[PDB]
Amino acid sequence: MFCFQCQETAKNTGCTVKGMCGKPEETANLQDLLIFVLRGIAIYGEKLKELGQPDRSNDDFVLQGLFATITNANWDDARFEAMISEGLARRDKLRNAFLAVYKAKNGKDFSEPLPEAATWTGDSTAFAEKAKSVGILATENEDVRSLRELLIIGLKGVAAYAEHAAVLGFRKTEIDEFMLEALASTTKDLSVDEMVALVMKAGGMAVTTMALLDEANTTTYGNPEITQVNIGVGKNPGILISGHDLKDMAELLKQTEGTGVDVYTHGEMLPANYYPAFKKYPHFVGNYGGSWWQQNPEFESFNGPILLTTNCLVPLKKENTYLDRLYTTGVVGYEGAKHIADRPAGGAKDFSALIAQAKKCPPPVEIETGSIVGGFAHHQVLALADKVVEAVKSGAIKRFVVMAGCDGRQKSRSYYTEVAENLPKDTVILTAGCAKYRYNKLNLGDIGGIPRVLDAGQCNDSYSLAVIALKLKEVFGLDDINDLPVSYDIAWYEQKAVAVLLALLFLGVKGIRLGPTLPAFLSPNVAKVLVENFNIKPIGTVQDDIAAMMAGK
C-alpha cells in the first residue's frame, strides 16, 4: 500500500504495509480505487459543465466519497466496494450523457484518448487487484505527486465541511464544481504554475466552505456563547456522541429527551455544548474524556453506547469490549459496528436502538471532575470587542497565540502543552479543533475576566478565528493582517487541518509554525515554494519558539 496523508505517517515518509492508524492494505487500496473512480466521474462532469450542460446529480456522492477516505473515517471494506460499484454506475451515466452532447455539438463521435479513470470497469472481484496500480505512486514525478496529493488532501478536508453544510441544507454550486475541477486536474499533465494555482484555489474554496458551514451551524442552532461545561458525570446511563455533525446531535437530544438516558459529548462534539439550541436540554450533561486518540479506554469506561458521526474512529484494541455498543453513522463505518442509516429528506435519523441499549447499561465511570469554559466563536468575541480592544491597548493582553488544529498520539506533542504552560501570563491562546485538548484542562486563569484559553469550537471554527483577526486588523487600522500582535503555532493531524492551513494561506497569513512535524506529501521543491511564498516553519524548542513568537517572529 501507500498512504501519507496524515501527520502520523510512517517515518514521516509514508505507510507501506499497514497504516500507523491501523488501516490495512486492502482498505487503503480500496480507498485509492474509490478516488480513481471519483476522478473518472470528475472528467465527464467537468466536460458536461464546459459544454453548457452541467449535471449536479453526483454532488453528495462525491463529497461523501472523499470524506470516507479521510483518516480514521471508514474502515469497512464492504462500504468501499459498494461505493466503488455505485461510482462506476454514476460515471457511466455521465459518460453516456457526455458522448451524446459532444456528438451534437461537434458533428462527430468523441475520439480523444482518456485517462483510465474514465473507462476502466470491473465487478467487485476485480477491485483488489486493480486498486494496487491506481495508487499514489502511479505518479512518477515527485513534484507532480506532491502537488496533486496536496490538492486532493486539501479537497477532502473541504468536502467534509461541505458535507456538514449540505446536511443542514446549505450548498454552493462553486464548491461542487470545484470538487470535479480539482479531481479531474489530477488526471492531466499541467504546469507547475497551474498545479500551484489549483492548490491556492482550494484554499479560497476552503474559506468559502468554512464560511458556509459557519452560517449553516449558527443559523440552525444559534451563535455559540460562553459556556461552562461539566466534565464529571451524572448518575444515569448515557449515550456518548463523537465526531462533528451537529444535526445528528440535534436529533439525538430530541429523541433522548424524557427517556432517562443522558447525552454526553466527546472530542470534536465538545462545541455542541456552546450552542443555545442544545443548552436547553437538562439531560445533556457535558463532555467526557479527552482527545480522539485516547478513545479506547474512554469509550470503554463510558459504559453506554457511543455514536461516531464522523472521523476519528480508532480500531479497537484486542481487549476492548465496546464493539457491541459502538454505532457509526454518516460516512463512518467499522466492521461489526451497527450503522445508523441516512435520514430521509425532511426526516430524521432513527436512534431508538441506542436508547434501548443505553437503558441496559451502567452509568459512565467518572474519569475527572470540574469544568471547561468555551464558546468564544466570532459572534461572541465581537460582542466583547470593546473589552478585548481595551485589554490590548492597556497591555493586559500583549499577544494572542493561535494554537488551533488537530491533536494526535505522538509524544512530541507535549510541546503544545509546554508552550501553553510557559507562555507569558499576559498572552491569550486562541483555539479551535482537538489540538485544544493539550491545554484546555490546565489552570491558566483569566486576564481581567478574559480567559487565557478561548475556545472558538470545532476545527471548522478556525473560521471564527479568521473573522476575529480581520476585525482586529480593521479596528487597529493595519494594512497587513500579519502585523497584528498574533502568532500562529498550529498542530495538524488529518485532512481537515490541511484545508484550514490552505485557507489561512489564501487569507495571506505568513510565518505559521506547523507541527509536530511537516507533511510527508510536500516534496523538497514544493516545500521550498511554501517557505519562499509563505514563510511556513517547523516547531523548534518551547523556549526558542516562545521567545520568537513574543518578538513577532
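Just count from 1 along the sequence shown to find any residue number.
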item: 300-308 versus 419-427 - which carries the larger mean C-alpha B factor in the record; value: 419-427
item: Stretch with the greater mean C-alpha B-factor as recorded in the entry, comparing 206-214 against 402-410; value: 402-410
item: Most elevated Cα B-factor in the entry, residues 461, 479, 143, 86; value: 479
item: Selection from 390, 194, 76, 177 [criterion: highest C-alpha temperature factor in the record]; value: 390
item: Residue 451 by Cα B-factor - lowest, middle or highest third of the modelled chain; value: highest
item: Residue 57 CA temperature factor, ranked by third within the chain; value: middle
item: Residue 99 CA temperature factor, ranked by third within the chain; value: lowest
item: Third assignment of residue 546 from its chain's C-alpha B-factors; value: highest
item: Third of the chain, ranked by Cα B-factor, where residue 189 sits; value: middle
